[PDB]
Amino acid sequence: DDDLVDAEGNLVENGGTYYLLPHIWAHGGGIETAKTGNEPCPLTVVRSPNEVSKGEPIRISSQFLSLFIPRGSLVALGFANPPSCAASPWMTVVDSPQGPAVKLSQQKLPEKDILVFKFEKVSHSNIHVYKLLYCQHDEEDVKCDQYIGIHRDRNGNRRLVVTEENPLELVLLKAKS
C-alpha cells in the first residue's frame, strides 16, 4: 500500500483537509485562489507569496472509501471553503495557450475531470515530501509524468500550472477542526 504520510508523520486521511505547504520555507505559503484574466471571480489556483500563511485547508480524496491513500492512487483536491462562485470545491486542469492550468469551476464537473492528480514521493528527504503530478486522459485511461509547478504571471500571481522545471515539492500539514 505505502500510504501517503502527512507533515507530522501520521498517515494522510482520505477525505481529510491539509495545508499544502512547500518543503523549502522560502518558496512561499499555502494554496489559495485568485481572480485572473477574464475570470468573473477567483477561479485560478495560486500559491500564497507569504510564508507565514498556510493557505486554504484542502480536502484530499481518492475514488475509494478507504481510510487512507495508497501512494499511487489518483486524487482530487478541493477547497474546504471554496470561493462563493465555484459550483464545487474541486480543482480541475484546463488547457490554454500557456499550457494546462489548475482552476476551479463555475459548474459541477464529472469525477473523471477532478480526479486527475497524484502525489509522488520525493526521494532524499527525512520528512515526507511530495511532488504533485497531473494525469491527462489518453484513450479512456490516464497517465502522469507532467508535474505541477508555479508560473508567476504579470501581476505576481503564482499560478499553479503544468511546468517542465522546478516542480512543487509539498508537505501535507493536517488542518484543524
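Don't overthink the numbering: it's just position in the shown sequence, from 1.
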**OP:** Using only the Cα atoms and their B-factors as the entry lists them, report which of 59 to 67 and 104 to 112 averages higher.
**Re:** 104 to 112
Original post:
Which of the two stretches, 134 to 142 or 23 to 31, shows the higher mean Cα temperature factor in the record?
Top reply: 134 to 142
Original post:
Out of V46, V122, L43, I148, which residue has the highest Cα temperature factor in the PDB record?
Top reply: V122
Subject >> Third assignment of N157 from its chain's C-alpha B-factors >> reply: middle
**OP:** Divide the modelled residues of the chain into thirds by Cα B-factor and specify which third, lowest, middle or highest, holds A86.
**Re:** middle
